[PDB]
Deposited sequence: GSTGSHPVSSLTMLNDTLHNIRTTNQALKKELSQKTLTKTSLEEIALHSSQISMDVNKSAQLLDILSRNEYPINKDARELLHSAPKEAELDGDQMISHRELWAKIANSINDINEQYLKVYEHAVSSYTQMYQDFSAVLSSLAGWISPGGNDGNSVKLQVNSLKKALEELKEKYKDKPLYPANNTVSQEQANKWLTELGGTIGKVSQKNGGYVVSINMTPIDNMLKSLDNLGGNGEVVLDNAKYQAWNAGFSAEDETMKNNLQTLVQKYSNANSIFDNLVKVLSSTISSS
């Protein structure tokens, strides 16, 4: 009864689900450190590795025209819609190979890169937050006032925008049509991303409006380079500044949830496919 290709497929599919469990846990944290992006990249690489071997094995079953019985073909209807699954054995095995490989490249890994790009932006922004305390010192004439290095902070925020002006949420490489970019814009979030023309194509860039709002807020504080704020004007500025930071924290959390939920849809496919192999 055993067939080497089906044996390895079942083992490979099982390893994907095991990696999926570890990735769900990593995305279930509350703060993605730089070790977090390293762990994600590890799991994503292991998924791709096993997905690519599964495709090779399914490809063998296709070219050798191994039969898929009527039972195994019914289990496949349980596949999630995102997988896009009376045709021949050869054709169906091939469509399964395409399905599992394409849902990884065109769906799961799209959310992964969107998380990685935005995470890096927020980590670089957190590096600016670490330096904020040193840009705030007592006002010379009033112990309840503060002096803020507006230009120093402004400089860092402008360079943060430059550092990510060419690192889009989607796609990781090349460009896409305007229509395709707008599909993933409305999917990821219109306030999290922004469609931009790269060079005749289009990408979904990181929406840096919160940084822009911070910068417009700084400009409205008054000129000179340094500014002195009474306790009230400082609490008002810092309140808006902290709100923008929490907006970015929320945006990241939104992308992590979409990535995590996409991994579950991916996991559902693997679960269905494994049941199909157990009946072939």
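The deposited sequence has C-alpha coordinates everywhere except the stretches 1-5, 91-94.
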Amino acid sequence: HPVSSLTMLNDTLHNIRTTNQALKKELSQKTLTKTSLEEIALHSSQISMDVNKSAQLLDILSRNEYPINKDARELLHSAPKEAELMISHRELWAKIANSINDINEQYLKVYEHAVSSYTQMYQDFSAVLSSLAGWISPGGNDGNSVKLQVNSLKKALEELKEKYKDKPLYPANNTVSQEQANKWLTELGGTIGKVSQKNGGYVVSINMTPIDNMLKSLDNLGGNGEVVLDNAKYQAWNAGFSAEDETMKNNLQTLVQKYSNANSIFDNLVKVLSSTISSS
From here on, numbers count along this sequence of modelled residues.
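Rigid core: the largest C-alpha set superposing within 1.5 Å between the two forms.
Root-mean-square C-alpha deviation from the shown form, taken over all structures in 4 other deposited structures of this protein superposed by the rigid core, is larger for 267-275 than for the alternative among 267-275 and 254-262. Modelling of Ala79 is missing from a third or more of the other compared entries in which both of its neighbours are modelled.
Figure legend: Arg63 is marked as unmodelled in at least a third of the other comparable entries of the protein. Looking at 151-159 and 193-201 together, the entry lists the larger mean B-factor for 193-201, computed on C-alpha atoms.
Remark: stretch with higher mean C-alpha B factor among 138-146 and 112-120 is 138-146. Taking only the listed residues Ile100, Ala94, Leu169, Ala79, the entry reports the highest CA temperature factor at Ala79. Of the candidates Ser54, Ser217, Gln29, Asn251, the deposited coordinates give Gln29 the top C-alpha B factor.
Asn263: CA B factor in the lowest third of modelled residues in this chain (values from the PDB entry). Ranked within its chain, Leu129 lands in the middle third, by CA B factor from the PDB record. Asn207: CA B factor in the lowest third of modelled residues in this chain (values from the PDB entry). Compared with the other modelled residues of the chain, the Cα B-factor recorded for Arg73 ranks in the highest third. In the deposited entry, the Cα temperature factor of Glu244 sits in the bottom third of values across the chain's modelled residues.
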